[PDB]
file model.cif (mmCIF, C-alpha atoms and all ligand atoms)
data_protein
loop_
_atom_site.group_PDB
_atom_site.id
_atom_site.type_symbol
_atom_site.label_atom_id
_atom_site.label_comp_id
_atom_site.auth_asym_id
_atom_site.auth_seq_id
_atom_site.Cartn_x
_atom_site.Cartn_y
_atom_site.Cartn_z
ATOM 1 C CA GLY A 2 145.852 109.152 51.527
ATOM 2 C CA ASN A 3 146.241 106.498 54.211
ATOM 3 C CA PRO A 4 148.445 103.567 53.129
ATOM 4 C CA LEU A 5 146.915 100.141 52.586
ATOM 5 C CA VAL A 6 149.427 97.391 53.423
ATOM 6 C CA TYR A 7 149.349 93.602 53.759
ATOM 7 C CA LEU A 8 150.941 90.683 55.607
ATOM 8 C CA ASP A 9 150.883 87.142 54.188
ATOM 9 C CA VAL A 10 151.144 84.722 57.116
ATOM 10 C CA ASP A 11 151.881 81.009 57.303
ATOM 11 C CA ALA A 12 151.950 78.422 60.095
ATOM 12 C CA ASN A 13 154.659 75.741 59.885
ATOM 13 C CA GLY A 14 155.129 76.654 56.231
ATOM 14 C CA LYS A 15 151.436 76.387 55.312
ATOM 15 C CA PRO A 16 149.700 79.594 54.193
ATOM 16 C CA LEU A 17 146.996 81.024 56.439
ATOM 17 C CA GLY A 18 146.030 83.921 54.175
ATOM 18 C CA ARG A 19 146.465 87.690 54.000
ATOM 19 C CA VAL A 20 145.870 90.459 56.543
ATOM 20 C CA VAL A 21 145.206 93.896 55.008
ATOM 21 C CA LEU A 22 145.784 96.926 57.240
ATOM 22 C CA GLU A 23 144.967 100.616 56.899
ATOM 23 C CA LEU A 24 147.693 102.826 58.377
ATOM 24 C CA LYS A 25 146.339 106.061 59.861
ATOM 25 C CA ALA A 26 148.886 108.447 58.383
ATOM 26 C CA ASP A 27 146.303 111.229 58.799
ATOM 27 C CA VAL A 28 146.629 110.888 62.599
ATOM 28 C CA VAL A 29 150.073 109.365 63.261
ATOM 29 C CA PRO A 30 152.149 110.013 60.104
ATOM 30 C CA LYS A 31 155.547 109.076 61.581
ATOM 31 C CA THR A 32 154.295 105.807 63.076
ATOM 32 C CA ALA A 33 152.354 104.896 59.936
ATOM 33 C CA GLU A 34 155.374 105.599 57.733
ATOM 34 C CA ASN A 35 157.631 103.377 59.845
ATOM 35 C CA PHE A 36 155.242 100.441 59.512
ATOM 36 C CA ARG A 37 154.643 101.089 55.807
ATOM 37 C CA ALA A 38 158.354 101.079 54.973
ATOM 38 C CA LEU A 39 158.974 97.995 57.126
ATOM 39 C CA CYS A 40 156.290 96.216 55.046
ATOM 40 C CA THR A 41 157.909 97.132 51.725
ATOM 41 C CA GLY A 42 161.472 96.478 52.915
ATOM 42 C CA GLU A 43 162.595 99.606 51.055
ATOM 43 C CA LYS A 44 165.131 100.644 53.735
ATOM 44 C CA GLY A 45 166.890 97.276 53.450
ATOM 45 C CA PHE A 46 165.168 95.547 56.378
ATOM 46 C CA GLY A 47 161.672 94.855 57.610
ATOM 47 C CA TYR A 48 159.026 92.311 58.463
ATOM 48 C CA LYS A 49 159.438 89.793 55.623
ATOM 49 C CA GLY A 50 160.565 86.482 57.084
ATOM 50 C CA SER A 51 159.921 87.365 60.735
ATOM 51 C CA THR A 52 157.478 85.788 63.195
ATOM 52 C CA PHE A 53 154.504 86.307 65.457
ATOM 53 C CA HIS A 54 156.458 85.471 68.610
ATOM 54 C CA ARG A 55 153.748 86.083 71.244
ATOM 55 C CA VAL A 56 150.117 85.155 70.587
ATOM 56 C CA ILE A 57 147.659 85.286 73.504
ATOM 57 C CA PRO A 58 144.069 84.217 72.763
ATOM 58 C CA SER A 59 141.398 86.729 73.782
ATOM 59 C CA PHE A 60 144.069 89.455 73.816
ATOM 60 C CA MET A 61 146.370 90.056 70.833
ATOM 61 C CA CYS A 62 148.924 88.705 68.340
ATOM 62 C CA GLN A 63 152.385 90.325 68.579
ATOM 63 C CA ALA A 64 155.089 90.396 65.896
ATOM 64 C CA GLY A 65 157.785 92.555 64.369
ATOM 65 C CA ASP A 66 161.017 91.549 66.123
ATOM 66 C CA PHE A 67 162.968 90.922 62.937
ATOM 67 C CA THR A 68 166.389 91.246 64.648
ATOM 68 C CA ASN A 69 166.208 88.838 67.608
ATOM 69 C CA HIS A 70 162.945 86.961 66.774
ATOM 70 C CA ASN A 71 162.064 86.693 70.467
ATOM 71 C CA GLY A 72 160.473 89.966 71.584
ATOM 72 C CA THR A 73 163.619 91.756 72.738
ATOM 73 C CA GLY A 74 164.541 93.384 69.443
ATOM 74 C CA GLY A 75 163.455 95.127 66.286
ATOM 75 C CA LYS A 76 164.317 98.606 65.055
ATOM 76 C CA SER A 77 162.563 101.472 63.309
ATOM 77 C CA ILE A 78 163.370 103.108 59.988
ATOM 78 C CA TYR A 79 164.547 106.157 61.993
ATOM 79 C CA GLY A 80 166.887 104.469 64.443
ATOM 80 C CA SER A 81 166.625 102.023 67.312
ATOM 81 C CA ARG A 82 163.614 103.744 68.913
ATOM 82 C CA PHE A 83 161.321 106.698 68.283
ATOM 83 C CA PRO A 84 158.976 108.745 70.505
ATOM 84 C CA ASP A 85 155.303 108.081 71.126
ATOM 85 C CA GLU A 86 153.693 110.222 68.434
ATOM 86 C CA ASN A 87 150.317 110.712 70.124
ATOM 87 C CA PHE A 88 147.600 108.676 71.822
ATOM 88 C CA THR A 89 144.699 110.032 69.755
ATOM 89 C CA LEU A 90 143.494 106.652 68.480
ATOM 90 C CA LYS A 91 142.222 104.187 71.070
ATOM 91 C CA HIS A 92 142.111 100.412 71.502
ATOM 92 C CA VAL A 93 138.423 100.223 70.639
ATOM 93 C CA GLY A 94 138.088 96.540 69.716
ATOM 94 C CA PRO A 95 139.326 93.572 67.697
ATOM 95 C CA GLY A 96 141.424 94.494 64.672
ATOM 96 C CA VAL A 97 143.234 97.477 66.218
ATOM 97 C CA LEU A 98 146.880 97.768 65.118
ATOM 98 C CA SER A 99 149.162 99.229 67.793
ATOM 99 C CA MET A 100 152.844 99.582 68.720
ATOM 100 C CA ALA A 101 154.436 97.304 71.295
ATOM 101 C CA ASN A 102 156.900 99.026 73.595
ATOM 102 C CA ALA A 103 159.237 98.815 76.575
ATOM 103 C CA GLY A 104 157.755 101.869 78.264
ATOM 104 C CA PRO A 105 157.461 105.491 77.144
ATOM 105 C CA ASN A 106 159.132 106.476 73.873
ATOM 106 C CA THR A 107 160.463 103.030 72.908
ATOM 107 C CA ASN A 108 158.654 102.321 69.635
ATOM 108 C CA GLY A 109 160.780 100.263 67.277
ATOM 109 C CA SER A 110 159.257 97.723 64.920
ATOM 110 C CA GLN A 111 157.283 95.381 67.200
ATOM 111 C CA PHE A 112 153.512 95.688 66.894
ATOM 112 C CA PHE A 113 150.319 93.867 67.781
ATOM 113 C CA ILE A 114 146.859 93.237 66.376
ATOM 114 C CA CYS A 115 144.119 93.098 69.001
ATOM 115 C CA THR A 116 141.580 90.287 69.127
ATOM 116 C CA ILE A 117 139.510 92.052 71.839
ATOM 117 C CA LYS A 118 138.984 95.608 73.056
ATOM 118 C CA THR A 119 142.170 96.429 74.983
ATOM 119 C CA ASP A 120 141.271 99.894 76.269
ATOM 120 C CA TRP A 121 143.507 99.417 79.321
ATOM 121 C CA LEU A 122 146.357 100.079 76.870
ATOM 122 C CA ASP A 123 144.978 103.506 75.884
ATOM 123 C CA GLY A 124 147.537 106.216 76.540
ATOM 124 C CA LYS A 125 150.354 103.665 76.830
ATOM 125 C CA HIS A 126 150.570 102.157 73.318
ATOM 126 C CA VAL A 127 150.342 104.154 70.095
ATOM 127 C CA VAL A 128 147.471 102.948 67.887
ATOM 128 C CA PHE A 129 148.188 103.535 64.206
ATOM 129 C CA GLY A 130 145.730 101.545 62.096
ATOM 130 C CA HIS A 131 143.324 98.657 61.833
ATOM 131 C CA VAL A 132 142.453 95.488 59.920
ATOM 132 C CA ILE A 133 140.576 96.167 56.669
ATOM 133 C CA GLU A 134 140.324 92.520 55.619
ATOM 134 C CA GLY A 135 141.646 89.237 56.964
ATOM 135 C CA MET A 136 140.345 89.228 60.515
ATOM 136 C CA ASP A 137 139.662 85.528 59.915
ATOM 137 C CA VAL A 138 143.397 85.141 59.264
ATOM 138 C CA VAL A 139 144.126 86.938 62.551
ATOM 139 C CA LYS A 140 141.790 84.446 64.257
ATOM 140 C CA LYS A 141 143.769 81.570 62.723
ATOM 141 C CA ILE A 142 147.000 83.024 64.127
ATOM 142 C CA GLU A 143 145.257 83.406 67.488
ATOM 143 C CA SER A 144 144.249 79.728 67.429
ATOM 144 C CA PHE A 145 147.944 78.760 67.483
ATOM 145 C CA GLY A 146 148.641 80.847 70.604
ATOM 146 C CA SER A 147 148.392 80.116 74.314
ATOM 147 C CA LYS A 148 147.891 81.952 77.597
ATOM 148 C CA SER A 149 151.692 81.937 77.971
ATOM 149 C CA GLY A 150 152.043 83.594 74.549
ATOM 150 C CA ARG A 151 154.010 80.653 73.157
ATOM 151 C CA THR A 152 152.776 79.431 69.781
ATOM 152 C CA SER A 153 152.142 75.772 68.948
ATOM 153 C CA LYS A 154 153.313 76.314 65.355
ATOM 154 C CA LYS A 155 155.883 78.685 63.870
ATOM 155 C CA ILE A 156 153.907 81.698 62.598
ATOM 156 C CA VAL A 157 155.866 83.546 59.882
ATOM 157 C CA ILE A 158 155.191 86.677 57.837
ATOM 158 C CA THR A 159 156.281 85.132 54.539
ATOM 159 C CA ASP A 160 155.523 88.254 52.486
ATOM 160 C CA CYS A 161 154.384 91.822 53.066
ATOM 161 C CA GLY A 162 154.036 95.055 51.147
ATOM 162 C CA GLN A 163 151.866 97.988 50.112
ATOM 163 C CA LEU A 164 148.622 97.857 48.078
ATOM 164 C CA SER A 165 147.832 101.599 47.762
HETATM 165 N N1 LIG B 201 161.020 98.388 70.554
HETATM 166 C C1 LIG B 201 160.581 97.350 71.459
HETATM 167 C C2 LIG B 201 159.291 97.177 71.675
HETATM 168 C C3 LIG B 201 158.839 96.078 72.614
HETATM 169 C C4 LIG B 201 159.720 95.305 73.227
HETATM 170 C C5 LIG B 201 159.275 94.192 74.171
HETATM 171 N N2 LIG B 201 158.216 94.714 74.989
HETATM 172 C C6 LIG B 201 156.937 94.083 75.047
HETATM 173 O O1 LIG B 201 156.664 93.093 74.424
HETATM 174 N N3 LIG B 201 156.011 94.756 75.910
HETATM 175 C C7 LIG B 201 154.663 94.267 76.028
HETATM 176 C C8 LIG B 201 153.887 94.947 74.898
HETATM 177 O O2 LIG B 201 154.293 95.820 74.186
HETATM 178 N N4 LIG B 201 152.580 94.487 74.684
HETATM 179 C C9 LIG B 201 151.645 94.965 73.659
HETATM 180 C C10 LIG B 201 150.573 93.841 73.642
HETATM 181 C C11 LIG B 201 151.333 92.709 74.320
HETATM 182 N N5 LIG B 201 151.890 93.524 75.352
HETATM 183 C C12 LIG B 201 151.444 93.608 76.701
HETATM 184 C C13 LIG B 201 151.000 94.790 77.069
HETATM 185 C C14 LIG B 201 150.409 94.968 78.453
HETATM 186 C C15 LIG B 201 150.327 93.928 79.261
HETATM 187 C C16 LIG B 201 150.812 92.549 78.815
HETATM 188 C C17 LIG B 201 151.312 92.413 77.598
HETATM 189 BR BR1 LIG B 201 151.957 90.712 76.974
HETATM 190 C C18 LIG B 201 161.194 95.501 72.955
HETATM 191 C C19 LIG B 201 161.599 96.447 72.127
HETATM 192 NA NA NA B 202 137.551 106.153 56.941
HETATM 193 NA NA NA B 203 144.550 89.816 78.801
HETATM 194 NA NA NA B 204 159.357 112.234 78.800
#
call {"tool": "encode", "arguments": {"input": "model.cif", "output": "structure tokens"}}
result
Amino acid sequence: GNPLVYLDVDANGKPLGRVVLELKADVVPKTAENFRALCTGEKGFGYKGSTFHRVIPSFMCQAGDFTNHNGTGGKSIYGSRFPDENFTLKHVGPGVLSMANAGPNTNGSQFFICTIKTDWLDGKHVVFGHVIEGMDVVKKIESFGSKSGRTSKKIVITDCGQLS
């Protein structure tokens, strides 16, 4: 059915724990598959070793730029960018997993995990899953953020993959 994937996250080389995510392949199969394959690394690239580069408390934690590590890059398993699949799922609260973008039809690999309800993003960012377990780990990441988005420690996805 829907993939179950994980991210193992550290701060300055010290493990924070594991975030487990359900990917809603039943609703957004192309977007879920991109994220799933970027977690396993099976296309030869993906999230392992990349950072949460923008973390804003009471908003979201953003990651996935594994090419430039600064929020300007990333790429999908299909190419540089792929279309917005649909906007069926909404930003209903903390734990929502959604695609970052540079406007319409610019999904690549960057994504974010919400720490509040961000419904003002509905219809603009493609939601494709949610946190199953590890929201406390997401809160630890959040604690190293700032209003500017700059982190006070280097937040790295040390490992990632698929559980089922
Ligand atoms: N393929 C690709 C994808 C993205 C980018 C860089 N674009 C970017 O970060 N846009 C901002 C964004 O997506 N987001 C999601 C949550 C944080 N955020 C936000 C949204 C509304 C208002 C304030 C903020 Br902050 C380059 C290449
Ligand atoms: Na369910
Ligand atoms: Na905000
Ligand atoms: Na269009």
call {"tool": "residues_near_ligand", "arguments": {"input": "model.cif", "ligand": "ligand NA 203 (chain B)", "cutoff": "12 Å", "atoms": "all atoms listed in the file", "output": "list in words"}}
result
residues 56, 57, 58, 59, 60, 61, 62, 115, 116, 117, 118, 119, 120, 121, 122, 147, 148, 149 and 150 of chain A
call {"tool": "residues_near_ligand", "arguments": {"input": "model.cif", "ligand": "ligand NA 204 (chain B)", "cutoff": "10 Å", "atoms": "all atoms listed in the file", "output": "ChimeraX atom specification"}}
result
/A:84-85,105-106
call {"tool": "resolve_selection", "arguments": {"input": "model.cif", "expression": "the PyMOL selection byres (((not hetatm)) within 7 of (chain B and resi 201))", "output": "MDAnalysis selection string"}}
result
chainID A and resid 61 63 72:76 82 100:103 107:111 113 122
call {"tool": "resolve_selection", "arguments": {"input": "model.cif", "expression": "the PyMOL selection byres (((not hetatm)) within 10 of (chain B and resi 202))", "output": "PyMOL selection string"}}
result
chain A and resi 3+23+25
call {"tool": "atom_distance", "arguments": {"input": "model.cif", "atom1": "atom CA of residue A:38", "atom2": "atom CA of residue A:139"}}
result
21.4 Å
call {"tool": "atom_distance", "arguments": {"input": "model.cif", "atom1": "atom CA of residue A:141", "atom2": "atom CA of residue A:19"}}
result
11.0 Å
call {"tool": "resolve_selection", "arguments": {"input": "model.cif", "expression": "the PyMOL selection byres (((chain A and resi 32-37) around 9) and not hetatm)", "output": "MDAnalysis selection string"}}
result
chainID A and resid 3:6 24:31 38:42 47 77:79 83 85:86 100 108:110 112 127:130 162:163
call {"tool": "closest_residue", "arguments": {"input": "model.cif", "among": "A:71, A:124, A:164, A:94", "to": "residue A:151", "atoms": "only C-alpha atoms"}}
result
A:71
call {"tool": "atom_distance", "arguments": {"input": "model.cif", "atom1": "atom CA of residue A:152", "atom2": "atom CA of residue A:54"}}
result
7.2 Å
call {"tool": "closest_residue", "arguments": {"input": "model.cif", "among": "A:92, A:126, A:15, A:70", "to": "residue A:55", "atoms": "only C-alpha atoms"}}
result
A:70
call {"tool": "axis_aligned_box", "arguments": {"input": "model.cif", "around": "stretch 59-76 of chain A", "padding_each_side": "8 Å", "output": "AutoDock Vina command-line options"}}
result
--center_x 153.9 --center_y 92.6 --center_z 68.4 --size_x 41.0 --size_y 27.9 --size_z 26.9
call {"tool": "closest_residue", "arguments": {"input": "model.cif", "among": "A:90, A:17, A:12, A:98", "to": "residue A:154", "atoms": "all atoms listed in the file"}}
result
A:12
call {"tool": "closest_residue", "arguments": {"input": "model.cif", "among": "A:158, A:46, A:53, A:80", "to": "residue A:146", "atoms": "only C-alpha atoms"}}
result
A:53
call {"tool": "residues_around", "arguments": {"input": "model.cif", "residues": "residue A:133", "least_positions_apart": "4", "cutoff": "8 Å", "atoms": "all atoms listed in the file", "output": "list in words"}}
result
residues 20, 21, 22 and 23 of chain A
call {"tool": "closest_residue", "arguments": {"input": "model.cif", "among": "A:96, A:50, A:43, A:69", "to": "residue A:10", "atoms": "all atoms listed in the file"}}
result
A:50
